Amino acid sequence: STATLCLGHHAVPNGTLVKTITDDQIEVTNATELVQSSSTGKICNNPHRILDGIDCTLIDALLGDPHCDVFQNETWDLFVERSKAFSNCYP
Amino acid sequence: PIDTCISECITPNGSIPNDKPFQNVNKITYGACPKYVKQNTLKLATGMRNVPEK
Amino acid sequence: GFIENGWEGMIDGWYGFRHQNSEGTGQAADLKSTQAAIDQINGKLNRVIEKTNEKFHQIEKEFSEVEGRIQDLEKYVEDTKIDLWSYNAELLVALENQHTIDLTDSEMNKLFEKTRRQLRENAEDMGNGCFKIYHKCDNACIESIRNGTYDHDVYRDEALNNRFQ
Amino acid sequence: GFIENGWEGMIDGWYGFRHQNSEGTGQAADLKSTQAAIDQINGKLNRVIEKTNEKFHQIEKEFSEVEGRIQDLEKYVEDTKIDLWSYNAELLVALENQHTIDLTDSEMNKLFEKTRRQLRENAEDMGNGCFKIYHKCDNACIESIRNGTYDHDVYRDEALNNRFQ
Amino acid sequence: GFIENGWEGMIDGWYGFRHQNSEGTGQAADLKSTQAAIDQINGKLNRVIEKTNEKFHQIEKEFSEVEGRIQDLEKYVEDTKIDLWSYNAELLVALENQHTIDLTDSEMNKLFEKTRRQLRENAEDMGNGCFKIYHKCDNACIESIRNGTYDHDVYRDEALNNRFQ
């Protein structure tokens, strides 16, 4: 003689625990990470003009150290300075 | 090590994607990089309160 | 809240209806409220943090030797900026999550109230978020309720008779 | 929301009533809700940013020559402060606008509910934000509704008879 | 709001009931809503500002002589940090107070609505936040209302007869 009409919202079996103003941990249906905590470990060479300084420091490439002769007139957007750079000239 | 790839944000740890607004890799950055924060994770809810059956 | 349970069987949308009448149980999703909530959520971070700013030349942040005053000042500046940005991130995420939760609760309540206003006197709220309608309401009736064009006047007499005898 | 349209002809206040009865259509504004919203809005920025702070002697922010470390540090400090304050301004304005909008919606809903509670059983909510009252309600009746002293008990019998026949 | 007055005689909880029937006036407190509000309030500052950070070696912040550029820079850095943190504190306290007030108002409204839904047709909202129940409701009835297991169906006939005559 009569009908029935229920109302509801979708749920999921497992939810993600987020933090709000009034809760340390509250479970929601979905959540996205906002902090990028991992790196690919390699430097992309575009769109920035990268200059890898092999065994050369910036000052060594500037002054003209022999093993830095290849760095004359170089240009860069980012100069990447390796830990293995060394000086081999007059102290 | 240098690589043949596309990325706008460079850290000493390598290139990272700049789609997220924050990063916890390194405070030394170059390019259109996210801001460095001390927290390694911050989850933003993209759904409703989750009340499952039972 | 008064729904007390979500529907994991609901995959059509976020909010929807489950009806049961003489013909048989049926289920559908309300696209407008789900789409509204998704649209209001789809951004929600580009509207405050427009983008990643672009930094090219900065101070040194790692030191080999020990200089003194200037290295201390550089360390202090970097630490202050890092702490302030961590607080900004924490507070922003907490506020956005709280507001999103309140928003979805309000959207659910708005859908419930809209349905209740369609069924002016023909239905009674059973209190568990589910309406008992007091007249013949077939699948065309139900899809008119879901449509938003439910004509309450033509069932008013039958509904009132069922209610008040 | 359920009002679906604003009233550009309303200049008396922010929220108000438009009534239609046997005598004729009339319009008035509710001063208490409008005044409450305006009062809550009138400040809303002195209560967070008390004032402009007063700065007298600062660092140099424009440089002619190129020094090196110290100029880089000064540029970095100024850029960090500028970025942080821009984020603070952006977030503050977004939050205040969102809260103001929610506040005005809540005030409208509160006025609607107060009116509905004045008309306990004498009126029915038509769903478009407009009440159909089921008894003789003259201009004195309407201004009593607007006043907040509407006596629902003395129309209860007539209203119930009009409703349930 | 629609309660219009607090109860200083209420010490059992934050929100509660005062009933009056044939037996006599009684008062009790609702523990669930008060406990929920207190639980949501009990933290509310550890969830944003986790703790006090630990600073060991910093810059000099008080100077005896006058150096020049570097002392100016140090003063500027300290002043900028102090101003930014003062703004953060001010905004945080204002937002938390506003949200707490809205939260408690919502909890009061939720308790009122839950009670109203228990009394489906047996009671009428008098508009001052107080229900007039239209049937014999003894102390067991009242504590069932407070309990949340009020059986509205078995008083439906008597209540409807009292209401609509």
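By written order: A, B, C, D and E. Residues from 1 in each chain.
Going forward, a contact is a pair of C-beta atoms (placed from the backbone, for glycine too) under 8 Å apart; a residue touches a chain by one contact, two chains touch by 3 or more.
Touching subunit A and subunit D together: C, E. Each step here moves to a touching chain, and the least such steps from subunit C to subunit D number 1. Interface comparison, B-C versus A-C: the pair with the greater number of contacting C-beta pairs is A-C. At the centre of the protein atoms shown, by the Cα-centroid criterion, sits C.
In whole angstrom, the spacing between the mean C-alpha positions of subunit A and subunit C is 32.
Subunit D and subunit E have CA centres that are 22 Å apart. Taking the mean of the C-alpha atoms as each chain's centre, subunit A and subunit B sit 7 Å apart.
In this assembly, the C-alpha centroid of subunit A lies 43 Å from the C-alpha centroid of subunit E.
Among the residues of subunit C, those touching two or more other chains are numbered 3, 5-6, 8, 14, 45, 49, 53, 58, 70, 73, 77, 83-85, 89-90, 93-95, 97-98, 101, 104, 108, 164. Shown for subunit A are the residues in touch with two or more other chains, namely 9-13, 18-22, 26, 28-29, 34-35.
A complete list of chain pairs in contact reads A-B, A-C, A-E, B-C, C-D, C-E, D-E.
On subunit C, the positions that touch subunit E within their shared complex are 1-2, 69-70, 72-73, 76-77, 80, 83-84, 87, 90-91, 94-95, 98, 124-125, 127, 164.
Those residues of subunit C that touch subunit B in the complex are listed here as 3-6, 8, 14, 37, 41, 45, 49, 51-56, 58, 61-62, 78, 82-83, 85-86, 89-90, 93, 96-97, 100-101, 104-105, 108.
Taken together, the subunit E residues at the contact with subunit A in this complex read 40-41, 43-44, 46-48, 96, 99, 103. Subunit D makes touch with subunit E in their complex at residues 47-50, 53, 55, 57-60, 70, 73-74, 77, 81, 84-85, 88, 92, 95, 99, 110, 114, 117-118, 120-121, 160, 164.
Listed in rising order, the residues of subunit A touching subunit C in the complex are 1-13, 18-22, 26, 28-29, 34-35.
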